[PDB]
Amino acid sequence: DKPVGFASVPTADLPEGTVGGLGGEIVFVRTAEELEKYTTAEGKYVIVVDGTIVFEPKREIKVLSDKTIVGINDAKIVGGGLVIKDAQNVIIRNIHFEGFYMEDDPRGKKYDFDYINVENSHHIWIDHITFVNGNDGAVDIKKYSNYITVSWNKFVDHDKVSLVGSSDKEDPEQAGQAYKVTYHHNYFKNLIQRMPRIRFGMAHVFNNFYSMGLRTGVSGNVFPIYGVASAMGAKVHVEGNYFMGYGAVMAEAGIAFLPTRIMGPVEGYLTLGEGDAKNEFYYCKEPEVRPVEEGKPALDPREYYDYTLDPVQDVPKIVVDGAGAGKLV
């Protein structure tokens, strides 16, 4: 009912952090035209997606401020995505996104279809969504967006999962102050990269289940490459996550998922939880780390918000049981 993490952080005009269209007008939508009518409307709306909505032609629609998009009756958006642009205060929950896969574009480099594309927007909660094999990104977060929680989603069979900050060339000061994102209790399943890949900002990645089997049926990237990456001086803390790679034969040949990655050209920072906050890694390469200061978590999310960490051994069952669309009441 309320987000945990960066989406919950209060501002002047959003005293309770992200609340979407709370207090607004309730509308049920059953077609792409109806959905787009209300996501592009001005004002508070709770937009209830009832069942399957097919976008033909495939396309993305804009979403303005103060919206809740909530699915019921196994809500599906098929061949459609949401661009949240120059906006704030949007909640998206309990919908299954599928149908952006373009078999003529197996590396997701032509069509640019993202299921959720957040551009210069802040206070956004993406929760209890299932995303299945899209084209380009599943949830991308760009152009100085900020204060995002991506929680309890299930991402399946998808290559480039979540890019946070799309350009090495953005303003170091401004970008360093944006891109504050929390990823927690997500079920990441047979995915390839960017979970998240973050430039500049701050990422708290906790209590997610990474179940990295192969992406079959397709060409392009069949084997999972890496989970979390920290680039362009980002501050990332990764704790209490459970990583399972793709097995003993491959690991013995020196081929294995990389749980955390430092990337450049200006290296990011990233630390791991330890002790009660440790991650677990099975069939993985050794995680890459780079602290801001020896013995300190590169990010202290307790400076920004409260949260409780589940013991890592409990994470698989909690995440399988709870994550993705069709589980919320």
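The numbering used is simple: start at 1 and walk along the sequence shown.
Looking at mean Cα B-factors across 186-194 and 71-79, the upper value is held by 71-79.
In this entry, 173-181 shows the higher mean Cα temperature factor of the pair 129-137 and 173-181. In this PDB entry, residue 85 carries a Cα temperature factor that places it within the highest third of its chain's modelled residues. Among all modelled residues in this chain, the alpha-carbon of residue 253 has a temperature factor (C-alpha) in the middle third. Ranked by C-alpha B-factor against the other modelled residues of its chain, residue 220 falls in the lowest third. Sort the chain's modelled residues by C-alpha temperature factor and residue 102 lands in the lowest third, per the entry.
Compared with the other modelled residues of the chain, the Cα B-factor recorded for residue 3 ranks in the highest third.
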